[PDB]
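First up is the structure itself, then whatever we jot down about it.
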Amino acid sequence: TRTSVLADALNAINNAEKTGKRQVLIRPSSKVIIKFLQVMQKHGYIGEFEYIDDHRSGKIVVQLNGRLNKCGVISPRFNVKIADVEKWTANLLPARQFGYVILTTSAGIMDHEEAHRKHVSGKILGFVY
Amino acid sequence: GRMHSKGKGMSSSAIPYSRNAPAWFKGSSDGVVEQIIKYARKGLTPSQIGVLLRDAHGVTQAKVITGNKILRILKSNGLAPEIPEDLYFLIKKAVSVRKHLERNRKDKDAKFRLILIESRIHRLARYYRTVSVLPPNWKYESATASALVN
Amino acid sequence: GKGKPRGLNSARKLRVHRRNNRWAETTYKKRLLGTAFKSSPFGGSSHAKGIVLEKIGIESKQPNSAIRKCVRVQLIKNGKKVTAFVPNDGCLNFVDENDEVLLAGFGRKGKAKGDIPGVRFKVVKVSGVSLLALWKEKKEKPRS
Amino acid sequence: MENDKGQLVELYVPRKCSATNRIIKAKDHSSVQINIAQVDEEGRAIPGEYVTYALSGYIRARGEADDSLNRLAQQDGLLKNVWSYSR
Amino acid sequence: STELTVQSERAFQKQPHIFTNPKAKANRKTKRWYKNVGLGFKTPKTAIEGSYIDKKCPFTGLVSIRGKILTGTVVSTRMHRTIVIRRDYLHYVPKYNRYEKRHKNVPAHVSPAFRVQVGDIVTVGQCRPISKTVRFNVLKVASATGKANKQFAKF
RNA sequence: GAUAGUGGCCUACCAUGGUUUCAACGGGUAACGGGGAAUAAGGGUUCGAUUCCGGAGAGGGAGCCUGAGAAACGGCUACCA
RNA sequence: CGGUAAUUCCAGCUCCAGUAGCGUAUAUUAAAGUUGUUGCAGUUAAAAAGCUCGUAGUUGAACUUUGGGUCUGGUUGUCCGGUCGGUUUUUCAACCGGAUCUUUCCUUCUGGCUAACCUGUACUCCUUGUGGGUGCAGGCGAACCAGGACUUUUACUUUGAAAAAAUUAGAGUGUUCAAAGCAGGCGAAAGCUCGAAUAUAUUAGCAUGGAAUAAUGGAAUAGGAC
RNA sequence: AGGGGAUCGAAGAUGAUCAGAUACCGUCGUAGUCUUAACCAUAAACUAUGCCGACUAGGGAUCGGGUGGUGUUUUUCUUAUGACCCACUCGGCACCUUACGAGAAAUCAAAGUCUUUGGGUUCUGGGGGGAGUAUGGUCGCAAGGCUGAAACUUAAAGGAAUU
RNA sequence: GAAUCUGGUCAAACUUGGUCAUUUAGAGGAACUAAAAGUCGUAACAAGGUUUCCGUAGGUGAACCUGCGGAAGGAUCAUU
Ligand SMILES: [Mg+2]
Ligand SMILES: [Mg+2]
Ligand SMILES: [Mg+2]
Ligand SMILES: [Mg+2]
Ligand SMILES: [Mg+2]
Ligand SMILES: [Mg+2]
Ligand SMILES: [Mg+2]
Ligand SMILES: [Mg+2]
Ligand SMILES: [Mg+2]
Ligand SMILES: [Mg+2]
Ligand SMILES: [Mg+2]
Ligand SMILES: [Mg+2]
Ligand SMILES: [Mg+2]
Ligand SMILES: [Mg+2]
Ligand SMILES: [Mg+2]
Ligand SMILES: [Mg+2]
Ligand SMILES: [Mg+2]
Ligand SMILES: [Mg+2]
Ligand SMILES: [Mg+2]
Ligand SMILES: [Mg+2]
């Protein structure tokens, strides 16, 4: 079973970045994955990326900038409570400063800074530092 | 990765990118439907019907040509079996295995395989119960299974 | 992912697993079973008074050699016959026979100390004067 | 990076590899500067002016380095035909 | 639930302080007293059209719904005029930051204003302590059929 | 029926439920429960007889009288210690 | 360490630590990522069930409105200070929010109430006039009532309310300082003053906004919708 | 509990050898070794590597299937098949190099993608002895198995390498 | 309306038997450690002088040996 799909997407990407591939192929590829990728793009971590409309499930081809370091998805989607956010960022990100915790909220899949600004948080998906 | 062995096969039928009809391959839809119904009348079971359509006639997948599935079509015309095709086949297999076991008292491997078959049947039974195709609190096993087959 | 369901509605399994695991840790087990009250001479107390039954020089463990000037002590509260070591330069010249004697642990969370075999406790307050005090003559013995 | 009111800190601003954008480290006793000469008609190899690359140790170590260099060349117009997008 | 009989006890039962005058002419004969329970519930017609008495009913009795109103699936119908709802919820252990599928069974008295079958969700209400354990009255068996008129597969 | 009042609270009669591996019931507790205490990243562990809030209990079991309010113990009534 | 030069014993001497304290014993927390949710190990250091099935449990592909513009308010800096260290618009953006049409409705109407114009009945006080509206007959509802109908249901999450005090963190304040306490402080030294702040304590409820995430369900003998 | 009882062979004999040998070696030899009914559930039951799933690095081999070859070859004319051959390709059982990753190391394409810690899940471990013991459950016709302590007790017991 | 008395009723208690647990007696029985200048062998570590081990059954001063089947943690990563 490919239980979680976001996880799978990120893992392959991570591997690619580690080797120094400039491109990855992600097998199943959801709404969620696409949204995550968009978020990453918005802060310039990922290059262009192309979702193949398979007349089936999906397929994503990514272009890597080499600006990625580690993209992690956290295992259960812990429901997270606006103050919890701070704790998570302290744990998950290499500085009080930069990089992003990519939490899904009611307002959409944002990073963490955006969520804080918007003043809304929810479950966590990933992170990008 | 295979429901019962340690084997991890990936032999599988693929599908074409086009949901649209394959252009030149003529006939119609009505004709296809008629053919399907004829096959149903003759006693063939869904998969078999599909196979027959594909090879001899100008068929790729009934979904592409007619619009609706094979099973759906059957249901519409009211010719579909009472116990779902796969499940029925499983039951038949189980019956066969049971028969074998009756004859051969010492055949441990066969018994083991029978157990697996039974488990599979149970799974299938459960899912049919959930989607309501087998009327609830109907269990399929050893004594009544034979009766059910034919 | 290794063991533990990194699940989310997983929690009961986790909690139960932890409970089950804990028992292998010694301290926790001791706390829970209540080894302190059923066994280990003292009532899980720091100090216990006992009575100097008989002075025994216990012959020490290996590399080291000597005789270790301990006391078989019968505790009052439980009635258990321990062997409590006595510190410094004799000081059995203070202990005598059939005296009330306050004992301590040794520093080893029960168990054995250094090189003295089958010994668990120091003596501190003999008859109610404390051994150190007697030895360094900062306070002195109540006659008899 | 910058100390508030301008004023750049953080010295030794890392070379990044041209192939991978992966930082060329301080003791990259594996990495290289590749220098390729800007060139002109009849003799002429124009001293002083090069098109330059840096290749980080890691790619080279992996083995796939030549192809990366080719790619770099084809982009900066130091080659044509040699290396294609599709393989 | 009750199911038929109407007037079969050692005693003979009626709604209290509600009385049918033999003197006056009425084709309806018996005057039923009902109660609009409130709280946005439509009081089932199968009480007003009904014939049973039943003292622990929220509509045709002195029991009145206050305080908590909960929902949940019916596990057990196996005893007379009452039901066992199983209110299942997720309780949180912080040490792991995660959850438990927790059980708990609410016994609720059921007015025969309802046909309640195993597996049906029930908006149940709190009330005056009915008996021993039962402190709730079934108010809305919201699942009306759940595929009962359309069970057959054939066209 | 009882009660201040609801209720298996008890009685009559009828039915056969209810709880449970999403730990029932047992057995333990060197368990009064919180508020809290110590512990100095984050999560936490232990500890809470004790200054506040509840709850029991007045040697143990009972039983009651008076009174708005006690099943009171610096109030009785036994019985056992 | 100690078997005749003991840096560990017993003494003296200097010395070191802490100091009106300091040591010993037993717990216990930290150290203990040696109990591991964060966060441990399992080929060989202990540890992967002999193997498979299987019920609970946990976990579960992807998919259902994504987009663009239009207009309208906030908050930071930019650029000057227009000013006797602060002040607000234009030049400017990012930033959240709202209203919209787009092929897109917000649960729906019985009547209150229409508030203003989709309005025009006379037209003009009046800068040669869309500068400006007192005004009553057809008719915008959201500017919210009360009254029905019937709301797929949750988990989330924000805001809110209650989470007794003390304790904890924390605002002020010269208990001589400090722990503290809740006071105090200021005049002509011929009565006036601030004060006793806030904030957590997530958990089970309760109210509200959000609709991604994760469920759950509707129309397939349509006894389906209007 | 029956049969069948060739060979080998726990026990036993019995010969040496040895200070000694009901041990190693020699020669007989029941039980057993086959097998039908039943049981027992253990093994270094070992790949000492839980099962699923995804991805990252090449390489030939080899087994199973499957296409692509005016390919060789069998000739009974063209042949059509088989057996090879070459290129693939799934699936497997492994193996060889590299480590760019691991790991304590030995080593490992998994023991990788883990302090840059989070795919899903079972189960098991918590210094060594005591001890897989005692007791209690149980399941066994018994032998036994599954579960399984503590008291004590000790600063090591271990691994993997090096001299 | 006093003692008193019939019926309940709550019922302390008391005589009985049987479960349990903390405990201390425990006639005797086998264990285990700590002590490691006893006694006998030398079992294991070298192919440890029969390679060791596992599971099992039998035997016996004692380590143990021997069947049968497995391992290598072997002393073999090797035959056109
Ligand atoms: Mg407590
Ligand atoms: Mg308390
Ligand atoms: Mg106490
Ligand atoms: Mg007393
Ligand atoms: Mg009193
Ligand atoms: Mg009393
Ligand atoms: Mg000297
Ligand atoms: Mg820590
Ligand atoms: Mg460890
Ligand atoms: Mg081991
Ligand atoms: Mg304070
Ligand atoms: Mg002999
Ligand atoms: Mg012999
Ligand atoms: Mg085993
Ligand atoms: Mg094993
Ligand atoms: Mg242990
Ligand atoms: Mg040899
Ligand atoms: Mg030997
Ligand atoms: Mg040997
Ligand atoms: Mg070993």
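Ordered as shown in the structure tokens, chains take letters A, B, and onward, while each chain numbers its residues from 1 and ligands are numbered from 1 in the order shown.
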I need the chain G residues near chain E as an NGL selection string; criterion: at most 8 Å, counting only C-alpha atoms (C1' of nucleotides).
:G and (37 or 203 or 221 or 223)
With C-alpha atoms (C1' of nucleotides) retained, export the selected residues as a PDB file, in the first residue's frame.
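out.pdb, freshly written:
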ATOM      1  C1'   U G  37       4.892  11.326  20.941  1.00  0.00           C
ATOM      2  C1'   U G 203      -8.257  18.912  27.974  1.00  0.00           C
ATOM      3  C1'   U G 221     -36.606  -1.768  -8.835  1.00  0.00           C
ATOM      4  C1'   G G 223     -41.458   5.490  -3.750  1.00  0.00           C
TER       5        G G 223
END
Each residue of chain H lying at most 12 Å from chain C should get a row with its shortest atom-to-atom pair and the distance in Å to one decimal, counting only C-alpha atoms (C1' of nucleotides); could you produce that, ordered by chain and increasing number, as a Markdown table?
| residue | atom | partner | partner_atom | distance |
| --- | --- | --- | --- | --- |
| H:50 | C1' | C:3 | CA | 10.0 |
| H:51 | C1' | C:2 | CA | 11.7 |
| H:52 | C1' | C:1 | CA | 11.3 |
| H:53 | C1' | C:1 | CA | 11.1 |
| H:114 | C1' | C:1 | CA | 10.6 |
| H:117 | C1' | C:1 | CA | 11.8 |
| H:118 | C1' | C:6 | CA | 7.4 |
| H:119 | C1' | C:1 | CA | 7.4 |
| H:120 | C1' | C:1 | CA | 7.7 |
| H:121 | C1' | C:5 | CA | 6.4 |
| H:122 | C1' | C:3 | CA | 7.7 |
| H:123 | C1' | C:3 | CA | 8.2 |
| H:124 | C1' | C:3 | CA | 9.9 |
| H:125 | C1' | C:24 | CA | 8.8 |
| H:126 | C1' | C:24 | CA | 6.2 |
| H:127 | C1' | C:26 | CA | 11.1 |
| H:149 | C1' | C:33 | CA | 10.9 |
| H:150 | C1' | C:35 | CA | 8.8 |
| H:151 | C1' | C:39 | CA | 7.8 |
| H:152 | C1' | C:111 | CA | 9.4 |
| H:153 | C1' | C:111 | CA | 8.5 |
| H:154 | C1' | C:112 | CA | 8.8 |
| H:155 | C1' | C:114 | CA | 10.5 |
Check every protein, DNA and RNA residue against ligand 3, keep those with an atom at most 10 Å away (counting only C-alpha atoms (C1' of nucleotides) and all ligand atoms), and present them as a ChimeraX atom specification.
/F:30-32,49
Could the residues in this selection be saved with N, CA and C atoms (P, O5', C5', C4', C3', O3' and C1' of nucleotides) as a PDB file, in the first residue's frame?
ATOM      1  P     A F  30      -2.015   1.282  50.689  1.00  0.00           P
ATOM      2  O5'   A F  30      -0.783   1.774  51.574  1.00  0.00           O
ATOM      3  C5'   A F  30      -0.236   3.107  51.452  1.00  0.00           C
ATOM      4  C4'   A F  30       1.234   3.061  51.096  1.00  0.00           C
ATOM      5  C3'   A F  30       1.550   3.130  49.605  1.00  0.00           C
ATOM      6  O3'   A F  30       1.700   4.493  49.219  1.00  0.00           O
ATOM      7  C1'   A F  30       2.875   1.452  50.692  1.00  0.00           C
ATOM      8  P     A F  31       0.720   5.143  48.132  1.00  0.00           P
ATOM      9  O5'   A F  31      -0.605   5.421  48.970  1.00  0.00           O
ATOM     10  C5'   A F  31      -1.847   4.773  48.646  1.00  0.00           C
ATOM     11  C4'   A F  31      -2.703   5.688  47.814  1.00  0.00           C
ATOM     12  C3'   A F  31      -3.888   6.310  48.542  1.00  0.00           C
ATOM     13  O3'   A F  31      -3.478   7.409  49.348  1.00  0.00           O
ATOM     14  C1'   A F  31      -4.579   5.517  46.424  1.00  0.00           C
ATOM     15  P     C F  32      -3.766   7.401  50.930  1.00  0.00           P
ATOM     16  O5'   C F  32      -5.086   8.281  51.066  1.00  0.00           O
ATOM     17  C5'   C F  32      -5.253   9.472  50.285  1.00  0.00           C
ATOM     18  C4'   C F  32      -6.550   9.409  49.532  1.00  0.00           C
ATOM     19  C3'   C F  32      -6.678  10.421  48.404  1.00  0.00           C
ATOM     20  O3'   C F  32      -6.114  10.000  47.163  1.00  0.00           O
ATOM     21  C1'   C F  32      -8.569  10.570  49.801  1.00  0.00           C
ATOM     22  P     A F  49      -2.885  14.502  49.188  1.00  0.00           P
ATOM     23  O5'   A F  49      -2.896  13.150  50.019  1.00  0.00           O
ATOM     24  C5'   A F  49      -1.948  12.942  51.055  1.00  0.00           C
ATOM     25  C4'   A F  49      -2.590  13.093  52.408  1.00  0.00           C
ATOM     26  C3'   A F  49      -2.794  14.535  52.879  1.00  0.00           C
ATOM     27  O3'   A F  49      -4.150  14.935  52.644  1.00  0.00           O
ATOM     28  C1'   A F  49      -1.252  13.452  54.307  1.00  0.00           C
TER      29        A F  49
END
Neighbouring residues of range 70-74 of chain F were defined as those with any atom within 9 Å, considering only C-alpha atoms (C1' of nucleotides); residues of the same chain fewer than 4 positions away were excluded. Please report them as a PDB file with N, CA and C atoms (P, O5', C5', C4', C3', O3' and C1' of nucleotides), in the first residue's frame.
ATOM      1  P     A F  58     -18.103   8.177  61.956  1.00  0.00           P
ATOM      2  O5'   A F  58     -17.366   8.645  63.286  1.00  0.00           O
ATOM      3  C5'   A F  58     -16.697   7.672  64.106  1.00  0.00           C
ATOM      4  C4'   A F  58     -15.367   8.197  64.593  1.00  0.00           C
ATOM      5  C3'   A F  58     -15.372   8.732  66.021  1.00  0.00           C
ATOM      6  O3'   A F  58     -14.199   8.318  66.697  1.00  0.00           O
ATOM      7  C1'   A F  58     -14.611  10.412  64.556  1.00  0.00           C
ATOM      8  P     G F  63     -27.964   1.093  60.134  1.00  0.00           P
ATOM      9  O5'   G F  63     -28.873   1.692  61.296  1.00  0.00           O
ATOM     10  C5'   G F  63     -30.001   0.939  61.762  1.00  0.00           C
ATOM     11  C4'   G F  63     -30.410   1.363  63.148  1.00  0.00           C
ATOM     12  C3'   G F  63     -31.031   2.738  63.246  1.00  0.00           C
ATOM     13  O3'   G F  63     -32.393   2.635  62.882  1.00  0.00           O
ATOM     14  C1'   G F  63     -29.495   2.416  65.020  1.00  0.00           C
ATOM     15  P     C F  64     -32.932   3.522  61.695  1.00  0.00           P
ATOM     16  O5'   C F  64     -32.877   4.995  62.305  1.00  0.00           O
ATOM     17  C5'   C F  64     -34.031   5.598  62.930  1.00  0.00           C
ATOM     18  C4'   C F  64     -33.739   6.018  64.359  1.00  0.00           C
ATOM     19  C3'   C F  64     -33.922   7.494  64.657  1.00  0.00           C
ATOM     20  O3'   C F  64     -35.304   7.756  64.860  1.00  0.00           O
ATOM     21  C1'   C F  64     -31.994   6.657  65.764  1.00  0.00           C
TER      22        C F  64
END
Check the DSSP output for the backbone and give back, as a PyMOL selection string, the residues of chain A in strand (DSSP E).
chain A and resi 23-26+46-52+59-64+72-73+101-105+108-109+123-127
May I ask you to write as a PyMOL selection string all residues lying at most 8 Å from ligand 15, with only C-alpha atoms (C1' of nucleotides) and all ligand atoms counted?
(chain G and resi 48-49) or (chain H and resi 46+48)
Can I get the selected residues back with N, CA, C and O atoms (P, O5', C5', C4', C3', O3' and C1' of nucleotides), as a PDB file, in the first residue's frame?
ATOM      1  P     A G  48      14.513 -12.327  18.600  1.00  0.00           P
ATOM      2  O5'   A G  48      13.119 -12.291  17.836  1.00  0.00           O
ATOM      3  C5'   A G  48      12.628 -11.055  17.291  1.00  0.00           C
ATOM      4  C4'   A G  48      12.120 -11.304  15.895  1.00  0.00           C
ATOM      5  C3'   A G  48      13.171 -11.690  14.856  1.00  0.00           C
ATOM      6  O3'   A G  48      12.552 -12.599  13.935  1.00  0.00           O
ATOM      7  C1'   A G  48      12.097  -9.728  14.168  1.00  0.00           C
ATOM      8  P     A G  49      12.314 -14.164  14.308  1.00  0.00           P
ATOM      9  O5'   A G  49      10.762 -14.381  14.014  1.00  0.00           O
ATOM     10  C5'   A G  49       9.735 -13.669  14.733  1.00  0.00           C
ATOM     11  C4'   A G  49       9.338 -14.407  15.995  1.00  0.00           C
ATOM     12  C3'   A G  49       8.799 -15.828  15.811  1.00  0.00           C
ATOM     13  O3'   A G  49       9.280 -16.603  16.920  1.00  0.00           O
ATOM     14  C1'   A G  49       7.157 -14.516  16.856  1.00  0.00           C
TER      15        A G  49
ATOM     16  P     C H  46      14.204 -19.111  11.210  1.00  0.00           P
ATOM     17  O5'   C H  46      15.526 -18.530  10.535  1.00  0.00           O
ATOM     18  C5'   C H  46      15.816 -18.776   9.141  1.00  0.00           C
ATOM     19  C4'   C H  46      17.269 -18.487   8.838  1.00  0.00           C
ATOM     20  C3'   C H  46      18.139 -19.692   8.474  1.00  0.00           C
ATOM     21  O3'   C H  46      19.108 -19.294   7.506  1.00  0.00           O
ATOM     22  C1'   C H  46      19.032 -18.625  10.366  1.00  0.00           C
ATOM     23  P     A H  48      22.633 -14.971   8.311  1.00  0.00           P
ATOM     24  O5'   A H  48      22.302 -14.306   9.721  1.00  0.00           O
ATOM     25  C5'   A H  48      21.102 -13.531   9.942  1.00  0.00           C
ATOM     26  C4'   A H  48      20.046 -14.359  10.644  1.00  0.00           C
ATOM     27  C3'   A H  48      19.221 -13.637  11.706  1.00  0.00           C
ATOM     28  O3'   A H  48      17.930 -14.216  11.897  1.00  0.00           O
ATOM     29  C1'   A H  48      20.681 -15.208  12.737  1.00  0.00           C
TER      30        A H  48
END
Distance limit 12 Å, reference ligand 7, atoms considered: only C-alpha atoms (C1' of nucleotides) and all ligand atoms. Which residues make the cut? Give them as a PyMOL selection string.
chain G and resi 2+4-11
Dump N, CA and C atoms (P, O5', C5', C4', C3', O3' and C1' of nucleotides) for the selected residues as a PDB file, in the first residue's frame?
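Resulting contents of part39.pdb:
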ATOM      1  P     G G   2      49.772   1.006  46.820  1.00  0.00           P
ATOM      2  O5'   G G   2      49.632   0.596  48.352  1.00  0.00           O
ATOM      3  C5'   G G   2      49.886   1.567  49.382  1.00  0.00           C
ATOM      4  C4'   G G   2      49.499   1.028  50.731  1.00  0.00           C
ATOM      5  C3'   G G   2      50.056  -0.326  51.112  1.00  0.00           C
ATOM      6  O3'   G G   2      51.437  -0.226  51.417  1.00  0.00           O
ATOM      7  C1'   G G   2      47.792  -0.198  51.754  1.00  0.00           C
ATOM      8  P     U G   4      57.176  -3.959  51.432  1.00  0.00           P
ATOM      9  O5'   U G   4      57.308  -2.370  51.451  1.00  0.00           O
ATOM     10  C5'   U G   4      58.596  -1.728  51.490  1.00  0.00           C
ATOM     11  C4'   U G   4      58.586  -0.606  52.502  1.00  0.00           C
ATOM     12  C3'   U G   4      59.961  -0.137  52.977  1.00  0.00           C
ATOM     13  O3'   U G   4      60.101   1.266  52.784  1.00  0.00           O
ATOM     14  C1'   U G   4      58.543  -0.586  54.832  1.00  0.00           C
ATOM     15  P     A G   5      61.029   1.822  51.598  1.00  0.00           P
ATOM     16  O5'   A G   5      60.352   3.218  51.234  1.00  0.00           O
ATOM     17  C5'   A G   5      60.329   4.318  52.168  1.00  0.00           C
ATOM     18  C4'   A G   5      59.918   5.595  51.468  1.00  0.00           C
ATOM     19  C3'   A G   5      58.499   5.610  50.904  1.00  0.00           C
ATOM     20  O3'   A G   5      57.546   6.038  51.873  1.00  0.00           O
ATOM     21  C1'   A G   5      60.025   6.292  49.226  1.00  0.00           C
ATOM     22  P     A G   6      56.448   5.013  52.447  1.00  0.00           P
ATOM     23  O5'   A G   6      55.146   5.362  51.595  1.00  0.00           O
ATOM     24  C5'   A G   6      55.069   5.070  50.182  1.00  0.00           C
ATOM     25  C4'   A G   6      53.649   5.202  49.677  1.00  0.00           C
ATOM     26  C3'   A G   6      53.031   6.603  49.719  1.00  0.00           C
ATOM     27  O3'   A G   6      52.356   6.838  48.481  1.00  0.00           O
ATOM     28  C1'   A G   6      51.609   5.062  50.807  1.00  0.00           C
ATOM     29  P     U G   7      52.986   7.822  47.376  1.00  0.00           P
ATOM     30  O5'   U G   7      52.914   9.247  48.086  1.00  0.00           O
ATOM     31  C5'   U G   7      52.992  10.471  47.324  1.00  0.00           C
ATOM     32  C4'   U G   7      51.858  11.414  47.686  1.00  0.00           C
ATOM     33  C3'   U G   7      50.517  10.770  48.037  1.00  0.00           C
ATOM     34  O3'   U G   7      49.895  11.360  49.172  1.00  0.00           O
ATOM     35  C1'   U G   7      50.266  12.229  46.166  1.00  0.00           C
ATOM     36  P     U G   8      49.132  10.435  50.241  1.00  0.00           P
ATOM     37  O5'   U G   8      48.387   9.352  49.338  1.00  0.00           O
ATOM     38  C5'   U G   8      47.535   8.352  49.925  1.00  0.00           C
ATOM     39  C4'   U G   8      46.100   8.839  49.974  1.00  0.00           C
ATOM     40  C3'   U G   8      45.128   7.962  50.746  1.00  0.00           C
ATOM     41  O3'   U G   8      44.008   8.749  51.138  1.00  0.00           O
ATOM     42  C1'   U G   8      44.643   7.815  48.438  1.00  0.00           C
ATOM     43  P     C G   9      43.851   9.235  52.657  1.00  0.00           P
ATOM     44  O5'   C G   9      44.008   7.883  53.486  1.00  0.00           O
ATOM     45  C5'   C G   9      42.952   6.907  53.557  1.00  0.00           C
ATOM     46  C4'   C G   9      43.191   5.985  54.725  1.00  0.00           C
ATOM     47  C3'   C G   9      43.583   6.677  56.024  1.00  0.00           C
ATOM     48  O3'   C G   9      42.428   6.929  56.809  1.00  0.00           O
ATOM     49  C1'   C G   9      45.182   5.002  55.505  1.00  0.00           C
ATOM     50  P     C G  10      42.144   8.399  57.372  1.00  0.00           P
ATOM     51  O5'   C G  10      43.064   8.479  58.667  1.00  0.00           O
ATOM     52  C5'   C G  10      42.823   7.625  59.798  1.00  0.00           C
ATOM     53  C4'   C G  10      44.056   7.570  60.662  1.00  0.00           C
ATOM     54  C3'   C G  10      44.575   8.916  61.134  1.00  0.00           C
ATOM     55  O3'   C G  10      43.827   9.408  62.232  1.00  0.00           O
ATOM     56  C1'   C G  10      46.379   7.555  60.422  1.00  0.00           C
ATOM     57  P     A G  11      43.190  10.862  62.143  1.00  0.00           P
ATOM     58  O5'   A G  11      44.423  11.763  61.681  1.00  0.00           O
ATOM     59  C5'   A G  11      44.692  13.049  62.275  1.00  0.00           C
ATOM     60  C4'   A G  11      46.094  13.095  62.844  1.00  0.00           C
ATOM     61  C3'   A G  11      46.899  14.346  62.505  1.00  0.00           C
ATOM     62  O3'   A G  11      46.593  15.453  63.349  1.00  0.00           O
ATOM     63  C1'   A G  11      48.208  12.433  62.040  1.00  0.00           C
TER      64        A G  11
END
Filtered DSSP result for chain D, state alpha helix (DSSP H), as an NGL selection string
:D and (57-62 or 66-75)
Keeping N, CA and C atoms, export the residues of the selection given above as an mmCIF file, in the first residue's frame.
data_model
loop_
_atom_site.group_PDB
_atom_site.id
_atom_site.type_symbol
_atom_site.label_atom_id
_atom_site.label_comp_id
_atom_site.auth_asym_id
_atom_site.auth_seq_id
_atom_site.Cartn_x
_atom_site.Cartn_y
_atom_site.Cartn_z
ATOM 1 N N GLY D 57 32.486 18.776 -5.915
ATOM 2 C CA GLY D 57 33.156 17.502 -5.774
ATOM 3 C C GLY D 57 32.221 16.328 -5.993
ATOM 4 N N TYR D 58 31.004 16.469 -5.483
ATOM 5 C CA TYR D 58 30.125 15.346 -5.278
ATOM 6 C C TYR D 58 29.712 14.725 -6.589
ATOM 7 N N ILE D 59 29.338 15.578 -7.545
ATOM 8 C CA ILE D 59 28.907 15.105 -8.872
ATOM 9 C C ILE D 59 30.032 14.331 -9.546
ATOM 10 N N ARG D 60 31.227 14.904 -9.461
ATOM 11 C CA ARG D 60 32.425 14.324 -10.041
ATOM 12 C C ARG D 60 32.683 12.938 -9.443
ATOM 13 N N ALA D 61 32.557 12.867 -8.120
ATOM 14 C CA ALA D 61 32.758 11.631 -7.369
ATOM 15 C C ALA D 61 31.780 10.566 -7.833
ATOM 16 N N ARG D 62 30.521 10.978 -8.000
ATOM 17 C CA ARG D 62 29.456 10.094 -8.479
ATOM 18 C C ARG D 62 29.835 9.504 -9.830
ATOM 19 N N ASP D 66 31.030 14.640 -16.666
ATOM 20 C CA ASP D 66 31.334 14.966 -18.051
ATOM 21 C C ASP D 66 30.084 15.489 -18.751
ATOM 22 N N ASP D 67 28.994 14.753 -18.560
ATOM 23 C CA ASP D 67 27.722 15.090 -19.185
ATOM 24 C C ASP D 67 27.240 16.440 -18.685
ATOM 25 N N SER D 68 27.389 16.683 -17.383
ATOM 26 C CA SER D 68 26.996 17.954 -16.781
ATOM 27 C C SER D 68 27.789 19.105 -17.410
ATOM 28 N N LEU D 69 29.090 18.875 -17.578
ATOM 29 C CA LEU D 69 29.964 19.872 -18.175
ATOM 30 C C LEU D 69 29.530 20.176 -19.605
ATOM 31 N N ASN D 70 29.190 19.121 -20.344
ATOM 32 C CA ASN D 70 28.690 19.232 -21.717
ATOM 33 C C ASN D 70 27.454 20.099 -21.763
ATOM 34 N N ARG D 71 26.542 19.828 -20.835
ATOM 35 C CA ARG D 71 25.283 20.554 -20.696
ATOM 36 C C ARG D 71 25.564 22.038 -20.506
ATOM 37 N N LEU D 72 26.498 22.314 -19.595
ATOM 38 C CA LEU D 72 26.882 23.683 -19.282
ATOM 39 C C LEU D 72 27.430 24.394 -20.509
ATOM 40 N N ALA D 73 28.277 23.678 -21.245
ATOM 41 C CA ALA D 73 28.868 24.169 -22.487
ATOM 42 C C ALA D 73 27.789 24.544 -23.508
ATOM 43 N N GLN D 74 26.834 23.636 -23.717
ATOM 44 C CA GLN D 74 25.748 23.794 -24.688
ATOM 45 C C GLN D 74 24.829 24.984 -24.388
ATOM 46 N N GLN D 75 24.777 25.372 -23.113
ATOM 47 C CA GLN D 75 23.962 26.494 -22.631
ATOM 48 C C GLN D 75 24.647 27.836 -22.891
#
Exercise: residue 59 in chain F partners within 12 Å, only C-alpha atoms (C1' of nucleotides), chain neighbours under 2 positions left out, as a PyMOL selection string:
chain F and resi 57+61+73+80-81
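Every protein or nucleic acid residue with an atom no more than 12 Å from range 18-24 of chain I, counting only C-alpha atoms (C1' of nucleotides) and leaving out same-chain residues fewer than 4 positions away, appears here: residues 37, 38, 78, 79 and 80 of chain C; 27 and 28 of chain F.
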